[PDB]
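Taking it in order: structure first as structure tokens, then the write-up.
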4 protein chains.
Amino acid sequence: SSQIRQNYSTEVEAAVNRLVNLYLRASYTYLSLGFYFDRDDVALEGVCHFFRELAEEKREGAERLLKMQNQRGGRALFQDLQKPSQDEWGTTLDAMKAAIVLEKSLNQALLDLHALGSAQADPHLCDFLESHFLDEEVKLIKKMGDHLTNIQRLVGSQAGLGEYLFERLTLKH
Amino acid sequence: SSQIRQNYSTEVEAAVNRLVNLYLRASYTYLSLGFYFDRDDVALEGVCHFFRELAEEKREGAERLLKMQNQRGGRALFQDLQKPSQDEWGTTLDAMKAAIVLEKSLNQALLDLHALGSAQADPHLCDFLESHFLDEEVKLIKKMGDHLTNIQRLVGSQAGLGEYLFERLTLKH
Amino acid sequence: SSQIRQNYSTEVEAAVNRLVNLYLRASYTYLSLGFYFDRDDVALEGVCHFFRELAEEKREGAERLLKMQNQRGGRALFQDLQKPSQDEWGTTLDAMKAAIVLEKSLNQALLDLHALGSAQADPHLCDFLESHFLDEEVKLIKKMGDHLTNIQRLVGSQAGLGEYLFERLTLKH
Amino acid sequence: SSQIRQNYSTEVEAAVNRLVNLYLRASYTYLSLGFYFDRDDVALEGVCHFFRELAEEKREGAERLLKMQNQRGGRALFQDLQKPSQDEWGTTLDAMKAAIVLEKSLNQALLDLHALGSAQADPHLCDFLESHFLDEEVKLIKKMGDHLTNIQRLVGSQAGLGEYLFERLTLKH
């Protein structure tokens, strides 16, 4: 039941629902990452705040996709959200590597959906993805790559020292 | 060495580097145009300022392309910048004709790169070019065409008079 | 064609044109340096901003020289701008060493032109160079020497750590 | 009688007095030029104001020289001020040509005095001349050359029309 649907394929509708699941799973992963760094035996609050902000960003992305689904006359369908891949996330370096792997997976899912939009001649969809998602992914992944490089440079030698300094001097408070 | 590169072809990376060279060459051409109109034996300051503003715009375009190259994980490679095609630029009319030829050449290079982006299924690139470059080119070329028409209308008959009036009454101070 | 030229030798006019080329080449070199430090596998943004500011300063110096050329009745002549001497710039230390070598070369070119001005009894030229260029070079070179010393002190031992700390704690954001 | 004179030659003292006479004569010439353009049968007020401003500038230059003469312990000596070379100044073009000839003569007198300062190892004098006079002359002469070119471009054909337009659209009110 929709009186508005136009040029919106069932394939795209389904892929949008899958992307919502991916974004919510990413949000959940970042929630876990954030709280891990808030453990009293980890205690790197700049890292807590970095991942918590990302958890909010991914939730907002899911909600944007859902708003779009309804604007086009598609129907939201939700699936179980699988728990994050790890319970403990290791070092800041380990975490930032996991985060980049995650973002690349989201980016590829966006690219896949854009390709589907192109195949389906759905310019509203393809533009929607670029404006709210594809640009943001490129920016985020560059930031994460920058952070990885700085973390790596700081290892040495004296990993504890480097981990503290990165959190204090790069990450925001 | 990049930990971020995704869906960014070597072909696109190379074409972006070439486009940077084209934008810097255009900036250099406009620098020459601007100072020519500041000669005491030319002395058309509205024309100086018009071309100097364009020199800044083209430099900014090059820097935007370079920022994008790094955001995608490509590697900037710079080449020699060839000197402008002329040392003396003739009349305002001659100059404006040269400027339009230049802008059309930049526009075609942007269109060529967009086509490559399309062939390579690189929507981030294609959107980047449209947002920061393709729209601006259309606007600029329309402005230049408008100016050419006004300059042409003012020739007569009394070319000196017309050249002065255009600079005084159309171009900004 | 000039109705204004007075006490301005052909030798000085030519040397001013050469100096414009040197300043533009320096600007181009700093543009390359800046973007190298913005690479995701380098990621030292304080260093990016340091060199980008210098690129702007050198471009402004070229434009000042060109304005002066026209004020004196000389004629700007532009030459090809050779690409920077390197595509990759190594460490912050390597880069700062290259920058000092570059500035000393500009300074010597200014000194050479001042000497020519003196030989030609051209006090407007000699004063112009001192006011806008010679003072600024001394200040800049002292700053670079200061930075080199601080970078060198930070090597150790733990070069990665030192490189990060210099960028965080000395260079501006 | 002076208790302050140091490194200030009689040659320089005399040349400064001569330069005062030249500046006052220039001021007087511009006073005549200004009022000529205020004649009801000439009536080009932008031109009146242009020359009257120059009359003030030249008077101020004379006073600066006189202040300097006393600061150095030299003694002002005034001579008769010869009347301007013409009673009627022809067209704006004629006037602007006369003005440039006048400024070049002042500039050469400044250059001559700077050379004397150099020969006499009098750096206070040479710097004084550059700061307050040599820079200002270059700027003024460039402005006059610019105006001459614009006036010349406007002749045609229709000289009356061009003369009116220059006064209305270039000169200030």
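The sequence lines fix the lettering, A, B, ..., with proteins before strands; numbering per chain opens at 1.
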Next on the checklist: With a 3.5 Å distance limit and no angle check, can you tell me whether A/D38 reaches the backbone of A/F35 through a side-chain donor-acceptor pair?
Outcome noted: no

Checklist entry - CZ of A/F37 to CD of A/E45: how many Å apart, nearest 0.5 Å? => result 11.0 Å

Item to check | Where at least one partner belongs to residues 120-134 of chain A, residue pairs that pass salt bridge (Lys or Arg N to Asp or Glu O under 4.0 Å), sequence neighbours excluded | outcome: A/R72-A/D122

Checklist outcome for this item: CD1 of A/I151 to CE of A/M96, rounded to nearest 0.5 Å, is 4.5 Å

Item to check | A/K104 NZ: over 12 foreign heavy atoms closer than 6.0 Å | outcome: yes

Item to check | A/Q108 CD: over 12 foreign heavy atoms closer than 6.0 Å | outcome: yes

Checklist entry - Strictly by modelled atom types, are B/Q6 and A/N107 linked by a side-chain donor-acceptor pair under 3.5 Å? => result yes

Checklist entry - Could you state the interatomic distance from OG1 (A/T170) to CG (A/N150), rounded to the nearest 0.5 Å? => result 5.5 Å

Checklist entry - Does the side-chain contact (heavy atoms from CB on, under 4.5 Å) test come out yes or no for B/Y23 and B/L110, once each step is laid out? => result CA-CA 11 Å; B/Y23 268 75; B/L110 294 162; 3.3 Å; yes

Next on the checklist: For the backbone of A/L148 and the side chain of A/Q152, can you confirm whether one donor and one acceptor N or O come within less than 3.5 Å of each other?
Outcome noted: yes

Next on the checklist: Tell me whether A/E103 is salt-bridged to A/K58, with the criterion being a basic N under 4.0 Å from an acidic carboxylate O.
Outcome noted: yes

Next on the checklist: Determine whether C/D146 and C/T149 satisfy the following criterion, side-chain hydrogen bond (donor to acceptor under 3.5 Å, both in side chains), listing intermediate values before the conclusion.
Outcome noted: CA-CA 5 Å; C/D146 290 351; C/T149 290; over 6 Å; no

Checklist entry - Hey, what's the ring geometry for A/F128 with A/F133, parallel, tilted or perpendicular (30° and 60° as the breaks)? => result tilted

Checklist entry - OG1 of C/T91 to CG of C/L44: how many Å apart, nearest 0.5 Å? => result 10.0 Å

Checklist entry - Quick one: NZ on C/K142 to CD1 on C/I100, what's the gap to the nearest 0.5 Å? => result 11.0 Å

Checklist entry - Does the salt bridge (charged side-chain N to carboxylate O under 4.0 Å, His left out) test come out yes or no for B/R75 and C/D41, once each step is laid out? => result CA-CA 11 Å; B/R75 294 294 174 248; C/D41 63 347; 3.2 Å; yes

Checklist entry - If only atom types and distance count, is the side chain of C/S27 paired as donor or acceptor with the main-chain N or O of C/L24 below 3.5 Å? => result no

Checklist entry - Angle class for the A/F166/C/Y164 ring planes (parallel below 30°, perpendicular above 60°, tilted otherwise)? => result tilted

Item to check | Any C/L54 side-chain heavy atom under 4.5 Å of C/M144 side chain | outcome: yes

Next on the checklist: With a 3.5 Å distance limit and no angle check, can you tell me whether C/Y36 reaches the backbone of C/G90 through a side-chain donor-acceptor pair?
Outcome noted: yes

Checklist entry - Tell me, which pairs form a salt bridge (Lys or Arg N to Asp or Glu O under 4.0 Å) where one or both residues lie in residues 153-173 of chain C, sequence neighbours left out? => result none

Checklist entry - Hey, does the side chain of B/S118 reach the backbone of B/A115 with a donor-acceptor pair shorter than 3.5 angstrom? => result no

Checklist entry - Judged by atom type as modelled, is there a donor-acceptor pair below 3.5 Å linking the side chain of A/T29 to the main-chain atoms of A/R25? => result yes

Checklist entry - Is the shortest distance from a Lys or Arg side-chain nitrogen in C/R59 or C/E63 to a carboxylate oxygen in the other one below 4.0 Å? => result yes

Next on the checklist: For A/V16 and A/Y8: C-alpha separation, side-chain torsions, deciding distance, then whether side-chain contact (heavy atoms from CB on, under 4.5 Å) applies.
Outcome noted: CA-CA 11 Å; A/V16 167; A/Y8 195 63; 3.5 Å; yes

